[PDB]
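# Descriptive analysis of the structure
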Amino acid sequence: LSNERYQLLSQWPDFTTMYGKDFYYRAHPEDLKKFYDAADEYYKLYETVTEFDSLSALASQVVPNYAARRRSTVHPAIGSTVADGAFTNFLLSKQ
Amino acid sequence: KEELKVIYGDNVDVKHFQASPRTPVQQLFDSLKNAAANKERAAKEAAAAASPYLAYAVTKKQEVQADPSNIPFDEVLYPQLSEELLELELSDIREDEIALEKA
Amino acid sequence: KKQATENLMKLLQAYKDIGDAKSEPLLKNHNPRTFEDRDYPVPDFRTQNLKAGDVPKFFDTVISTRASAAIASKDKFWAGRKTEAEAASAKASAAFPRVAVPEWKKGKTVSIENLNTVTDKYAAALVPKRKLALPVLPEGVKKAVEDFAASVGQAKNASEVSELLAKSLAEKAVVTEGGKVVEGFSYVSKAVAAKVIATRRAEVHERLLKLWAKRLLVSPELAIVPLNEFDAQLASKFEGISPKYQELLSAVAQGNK
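The structure reproduced in this document is the subject of the present report.

## Observations regarding the overall build of chain A
- When helices and strands are tallied, chain A shows 6 helices and 0 strands.
- Reading the secondary structure of chain A in the N-to-C direction produces α-α-α-α-α-α.
- Taking 2.2 N^0.38 as the reference for a compact globule, 95 residues should give roughly 12 Å; the C-alpha atoms of chain A span a radius of gyration of 27 Å, well beyond that estimate.
- The principal-axis extents of the C-alpha atoms in chain A amount to approximately 85 × 30 × 20 Å.

## Overview of the side chain of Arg26 of chain A
- The residue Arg26 of chain A is located in the loop between α2 (21-25) and α3 (29-49) in this model.
- Assessed through its relative accessible area of 7%, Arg26 of chain A is described here as buried.
- A polar contact of 3.3 Å, which involves the side chain of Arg26 of chain A, links it to the backbone oxygen of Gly19 of chain C.
- Within the local environment of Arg26 of chain A, its side chain forms a polar contact with the backbone oxygen of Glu24 of chain C, the two atoms lying 2.6 Å apart.

## Re unusual backbone geometry
- Residues other than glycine seldom take positive phi values, yet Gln95 of chain A does so here, at roughly 55°.
- Summarising the element assignment, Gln95 of chain A is placed in the segment after α6 (80-92).
- Taking the relative accessible area as the measure of exposure, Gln95 of chain A reaches 88% and is therefore exposed.
- In the Ramachandran plot, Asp13 of chain B falls in the positive-phi region, its phi being about 60° despite a non-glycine side chain.
- Tracing the sequence through the fold places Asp13 of chain B in the loop between α1 (5-8) and α2 (14-19).

## Here's the deal with the environment of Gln80 of chain B
- The residue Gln80 of chain B is located in helix α7 (residues 79-102) in this model.
- Relative accessible area serves as the criterion here: at 34%, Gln80 of chain B is assigned to the partly exposed category.
- Apart from residues lying up to four places away in sequence, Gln80 of chain B is in contact with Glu24 and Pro25 of chain C.

## Some details on the environment of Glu103 of chain C
All names here are of chain C.
- Following the sequence through the fold, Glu103 ends up in the loop between α2 (55-89) and α3 (112-123).
- For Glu103 and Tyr15, which are 88 residues apart along the polypeptide, the C-alpha to C-alpha distance reads 34 Å.
- Sequence-distant contacts of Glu103, defined by excluding residues within four places in its chain, comprise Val110 and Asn114.

## Concerning the packing of aromatic side chains
- Taken as a whole and judged by the stated rule, the model has 20 aromatic pairs over all chains.
- Seen from their ring centres, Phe45 of chain C and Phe59 of chain C are 5.6 Å apart, and the 65° between their planes marks the pair as edge-to-face. One end of the pair, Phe45 of chain C, is in the loop between α1 (2-19) and α2; the other, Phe59 of chain C, is in helix α2, with 14 residues separating them in the sequence.
- The exposure class assigned to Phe45 of chain C is buried, which follows from its relative accessible area of 12%.
- Positioned above the aromatic ring of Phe23 of chain A is the side chain of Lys16 of chain C, whose terminal nitrogen or guanidinium carbon lies 4.5 Å from the ring centre.
- The ring of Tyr245 of chain C carries the charged tip of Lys244 of chain C above its face, separated from the ring centre by 4.4 Å.

## Remarks on the pattern of salt bridges
- All chains considered together, the criterion is met by 24 salt bridges over all chains.
- Notably, a salt bridge pairs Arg38 of chain C with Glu95 of chain B, separated by 2.9 Å at the nearest N-O pair. Pair noted here: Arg38 of chain C is in the loop between α1 and α2 and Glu95 of chain B is in helix α7, and the two residues belong to different chains.
- Ionic pairing is found between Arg81 of chain C and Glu24 of chain C, a salt bridge with its closest N-O pair at 2.4 Å. Highlighted residues: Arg81 of chain C in helix α2 and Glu24 of chain C in the loop between α1 and α2, separated in sequence by 57 residues. Each member of the pair, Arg81 of chain C as well as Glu24 of chain C, is classed as buried.
- In this structure, a network of salt bridges that share partners links the residues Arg94 and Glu97 of chain B together with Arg200 and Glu203 of chain C.

## Section: the interface of chain C and chain B
- On the chain B side, the residues contacting the 49 residues of chain C number 43 residues.
- A combined buried area of about 4,200 Å² lies between chain C and chain B, and 69% of that area is made up of carbon and sulfur atoms.
- In this assembly, chain C and chain B are joined by 4 salt bridges.
- Between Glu97 of chain B and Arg200 of chain C there is a salt bridge whose closest N-O contact spans 2.4 Å.
- Applying the counting rule to chain C against chain B returns 10 residue pairs in polar contact.
- The leading source of residues in the side of chain C that touches chain B is helix α6 (residues 190-218) of chain C, at 14 residues.
- In terms of residue class, the side of chain C that touches chain B is made up of 28 nonpolar, 4 polar and 17 charged.

## Section: the side chain of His30 of chain C
- Position of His30 of chain C relative to the elements: it lies in the loop between α1 and α2.
- In terms of polar contacts, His30 of chain C uses its side chain to reach the backbone carbonyl oxygen of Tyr25 of chain A, at 2.5 Å.
- When near neighbours in sequence (up to four residues on either side) are disregarded, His30 of chain C contacts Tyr24, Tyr25, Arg26, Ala27 and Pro29 of chain A together with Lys74 and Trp78 of chain C.

## Quick notes on the packing of helix α4 (residues 139-151) of chain C against helix α5 (residues 158-171) of chain C
Residue and element names in this part refer to chain C.
- It is the contact of α4 with α5, at a shortest axis distance of 9 Å, that shows an interaxial angle of 140°. When the interaxial angle is binned, α4 and α5 end up oblique. Relative to α5, α4 is oriented so that their crossing is right-handed. Of the residues in α5, those touching α4 at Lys142, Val145, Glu146 and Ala149 are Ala158, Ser162 and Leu165.
- Across the contact of α4 with α5, the residue classes break down as 4 nonpolar, 1 polar and 2 charged.

Reading guide: rules and limits
Residues numbered from 1 in each chain as written, not as in the entry; some residues may be left out. Chains lettered and ligands numbered in written order. Part of a larger assembly, values for the part shown. Heavy atoms only, no water. Helix = DSSP H or I, 4+ residues; strand = E, 2+ residues; numbered from the N terminus. Rg over C-alpha atoms; globule rule 2.2 N^0.38 Å. Buried < 20%, exposed > 50% of the residue type's maximum accessible area, 1.4 Å probe, protein only. Polar contact = N/O pair within 3.5 Å; in protein donor to acceptor, adjacent residues only side chain to side chain. Contact = heavy atoms within 4.5 Å. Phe/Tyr/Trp six-rings, centres within 6.5 Å; stacked < 30°, edge-to-face > 60°. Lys NZ or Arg CZ within 6 Å of the ring centre and 35° of its normal. Salt bridge = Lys/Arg side-chain N within 4 Å of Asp/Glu carboxyl O. Buried area = accessible area lost by both parts, 1.4 Å probe. Nonpolar A, V, L, I, M, F, W, Y, C, P; charged D, E, K, R; others polar. Axes fitted to C-alpha atoms, helices over the stretch in contact; angles between N-to-C directions. Parallel < 35°, antiparallel > 145°, perpendicular 65-115°, else oblique. Left-handed = near helix turned anticlockwise from the far one by under 90°.

What follows is the structure in C-alpha cells.
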C-alpha cells in the first residue's frame, strides 16, 4: 500500500525547476510563499511515505484484534453465512 | 560571516569582505586552496557512510561542489537583477545628492 | 495537493511570461519606491498651527502616510497582476518534468543503479543554468610549465609563473550556458558593483562635508544645536520656536569676546 502511495508521489511536478530568481521576482509574494509551502509539504509527504521501519509496528495494530476475532468460542473459521445456513437447518428442521 | 568562516578562519575579518567583496578570481583561488582537504574529507566520509548509496551521494555532492565552475554567480545567472540591485543603492545615493544640490 | 502544486507552478509560469511580455524589470514592482507618488502637494508645516515639539511628529505622520499609500499602491498592483495571471494559468500547457524518485515497483526492489541515477539527476540541478567557465589549472599543465621554468633555472619562481598563468586565464573567464559559450555576454561583478557604490557614496559624502563646511565657515554657531534636536525646536510661526537654543545661538553668534 505504501507502494501505491509512493507511486503518486512519483507523479509530483518538479518544483525545483522554478527555484530561480526569474520566478521569484515575477511572482506575487503570497503565491511565492504558497509555492515554498507546497515544496515543504512534498518533502514532508516523501519523508513520511518512505519511513519503512514504521510498517512493522503498524502491522502490530491489526494483529491483536484479528487474533481475538479468530479466538472464537465457536470456531476459528466461523462466519455469518455458515452460521445463517446452520440457523436455517436448526430452525426449519423440527424444534 | 557564516559563508566565509569555513575558508578564512574564525577571525574571518568580515568588514574587509563587506566593504570589498571577493572577485570571482578570488572565489576560484579560495575554492582551490581547500580542495585537497575537501576531497580528503569527502573520501573519509564516503568511507564511513552507512550505505553505498550515501557514499555515492557524498562523493557526487563533492564532485559537483569542488568544481569551481559550479559556483553560482548571480551576476552571471541574472544580469538584469544584479544591475537592478546595484541601482537600488545608487538611487538612494542619488536621492541624497538631490537633497544636497537643493540645499 | 498535487493539483495545487501544479496550479501554483502554472501560476508562477503565468507570472513570468506576463512579466516578460511587458519586458519590465524584475525589482521594479517589488520596490515600493516605484509606487511612491513623488509629486504629491507635500503639506506645509507652517500652515498647521504646530507647537514646539509637534513638528517632527507632523513630519513622521506625513512620511508614514505617504509610505503607507505607496505600499497600498504596490498591493493594488499585485492584486491586478494576480488576476491577470489567474486568467492565464487556466489556459496553459502543464507539461512539467516530474520529481526524480527511484523506481520502486510493487513486489520488486530498487536497484542501486537507479538510486544512483536519481542522485545524478539531483546533482545535475546543482550546476547553474549559466556559469562562468573558470579555468582551473590542471597539474599536467602547471607541471608542463613548471619544468619549463626549471629548465632555465627559474624554478623557485616557477609556482609564481604557474599561478600567473592561472590568474591570466581566470581574468578572461568566459561564460558557459549549456556547454556552448554565449559570445559577447558582458557581466558586472559584485566587487565591481560595490566599488561603484563606494565611489559614488564617497563623492556624495564629500558633498555633505562641503555643505556643512560652508555653513560652519559662515556661521559657526550652528554646532551648538545638535542635529537630532533641530526640528524639535521648530513650530509653525517663528515666534513659537522653542527658546532652548535661541538665546545661546544669539550669544555665540557675536563672537569669542
